[PDB]
Amino acid sequence: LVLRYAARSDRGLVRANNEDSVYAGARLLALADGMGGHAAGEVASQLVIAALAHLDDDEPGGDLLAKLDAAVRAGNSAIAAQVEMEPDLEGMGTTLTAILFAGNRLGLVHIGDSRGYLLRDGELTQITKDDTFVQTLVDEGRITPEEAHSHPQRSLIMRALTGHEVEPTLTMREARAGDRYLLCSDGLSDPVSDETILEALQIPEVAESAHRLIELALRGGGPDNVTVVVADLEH
Ligand SMILES: [Mn+2]
Ligand SMILES: [Mn+2]
Ligand SMILES: [Mn+2]
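Residues numbered from 1 in each chain as written, not as in the entry; some residues may be left out. Chains lettered and ligands numbered in written order. Heavy atoms only, no water. Residues with missing side-chain atoms left out of burial classes, pairs and counts.

1. Things to note about the overall build of the protein
Thinking step 1. Within the protein, the secondary structure is distributed over 6 helices and 11 strands.
Thinking step 2. Against the globule reference of 18 Å for 235 residues, the protein gives a C-alpha radius of gyration of 17 Å, in line with a compact fold.
Thinking step 3. C-alpha extents for the protein along the principal axes are approximately 50 × 40 × 35 Å.
Thinking step 4. Look at the contacts in the protein between residues 6 or more apart in sequence, and 69% of them connect residues 24 or more apart. (Helix = DSSP H or I, 4+ residues; strand = E, 2+ residues; numbered from the N terminus. Rg over C-alpha atoms; globule rule 2.2 N^0.38 Å. Contact = heavy atoms within 4.5 Å.)

2. Regarding the coordination of the manganese ion (ligand 1)
Ideal geometry at a metal gives 109.5 degrees between four tetrahedral donors and either 90 or 180 degrees between six octahedral ones.
Thinking step 1. Coordination sphere of the manganese ion (ligand 1), protein contribution only: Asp-33 (OD) and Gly-34 (O), at 2.1 to 2.2 Å.
Thinking step 2. Here the manganese ion (ligand 1) and the manganese ion (ligand 3) are spaced 3.8 Å apart, with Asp-33 acting as a shared donor. Per residue, the accessibility class of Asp-33 equals that of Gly-34, and both read buried. (Donors = N, O, S within 2.8 Å, 3.2 Å for Na, K, Ca; no water. Buried < 20%, exposed > 50% of the residue type's maximum accessible area, 1.4 Å probe, protein only.)

3. A few points about the pairing of strand β11 (residues 226–234)
Thinking step 1. In terms of burial, β11 is a largely internal element, 8 of the 9 residues being buried.
Thinking step 2. Across 9 bridges, strand β1 (residues 2–10) lies against β11 in antiparallel orientation. Residue pairing in the sheet places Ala-7 in a bridge with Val-229 of β11.
Thinking step 3. Bridge count for strand β10 (residues 180–184) against β11 is 5 bridges, and the pairing is antiparallel. The partner of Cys-184 across the bridge, within β11, is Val-228. (Pairing = 2+ DSSP bridges.)

4. A few points about the packing of helix α5 (residues 194–201) against helix α6 (residues 206–219)
Thinking step 1. Put simply, α5 and α6 touch, their axes get as near as 8 Å, and they point 150° apart. Comparing their axes, α6 and α5 come out roughly antiparallel. When you trace α5 past α6, the crossing you get is right-handed. Side by side, α5 and α6 meet where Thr-196, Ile-197, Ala-200 and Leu-201 of the first sit next to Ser-209, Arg-212, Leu-213 and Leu-216 of the second.
Thinking step 2. In the contact of α5 with α6, the residues fall into 5 nonpolar, 2 polar and 1 charged. (Axes fitted to C-alpha atoms, helices over the stretch in contact; angles between N-to-C directions. Parallel < 35°, antiparallel > 145°, perpendicular 65-115°, else oblique. Left-handed = near helix turned anticlockwise from the far one by under 90°. Nonpolar A, V, L, I, M, F, W, Y, C, P; charged D, E, K, R; others polar.)

5. Details of the pattern of salt bridges
Thinking step 1. Inspection of the entire model under this criterion finds 14 salt bridges.
Thinking step 2. Residues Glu-174 and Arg-120 are paired through a salt bridge, measuring 3.9 Å at the closest nitrogen-oxygen approach. On the criterion of sequence distance, the pair formed by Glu-174 in strand β9 (residues 169–174) and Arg-120 in strand β7 (residues 115–120) is long-range, its members being 54 residues apart.
Thinking step 3. Note on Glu-174: relative accessible area 36%, which makes it partly exposed.
Thinking step 4. Residue classification places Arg-120 among the buried positions, given a relative accessible area of 18%.
Thinking step 5. A salt bridge links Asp-131 to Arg-159; the shortest N-O distance between them is 2.8 Å. Taken together, the residues span a long stretch of sequence, with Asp-131 in the loop between β8 (123–126) and α3 (133–139) and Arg-159 in the loop between α3 and β9 at a distance of 28 residues.
Thinking step 6. Using a relative accessible area of 13% as the deciding quantity, one classes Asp-131 as buried.
Thinking step 7. Looking at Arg-159, the relative accessible area reads 32%, which means it is partly exposed.
Thinking step 8. A single network of salt bridges, built from pairs that share partners, joins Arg-120, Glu-174, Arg-176 and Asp-179. (Salt bridge = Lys/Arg side-chain N within 4 Å of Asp/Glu carboxyl O.)

Everything listed here is a matter of geometry and, on its own, says nothing about what the molecule does.
Here it is as structure tokens:
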């Protein structure tokens, strides 16, 4: 199995700079939505993606999940070390969603409100859980999935890599030929619904699909940095 991918990142129409970072290679897809004043979010997302990049070089083998886990923790430690060197960066952090492929298996690591999706046999499923305030309220039965869509704090992030102790979610999944994956920052999914994302993901060529996702986000106002990685598994 091989990966045919397209990655696209845009500042949007509002923000002064782009604090999303993204990696896409032969076996690793990774997306980090950074935050922090004075472009410190660029630093956090860069540091975490750089720590994961080496996972692209070799077949993971036995402990694919432990290797993903170690890379994420190494990125988180790099943030802590960078804050030590320049204490004015305190507060900076980033989400991370990444998939590492190994034949008919993949490892998924996730923290924050970036998203991973699978499109398989015409059906779209979100394979990550949002660390947002509305997700906390849904888990407690305080609101319904429907009221979450209009809640003023619906994009509010509750957990991220900030250089402190963290436990990201690690999942092993089955991967199939014909699958299409999407990684995205909340700059896509805040303005664009899953119904619309699905239509864009059925565009045959991966680069045209990714372009369309960015276009739709910008048509919804482009309030945030928007980043996507669209990838196909083929024979
Ligand atoms: Mn950001
Ligand atoms: Mn958000
Ligand atoms: Mn964002």
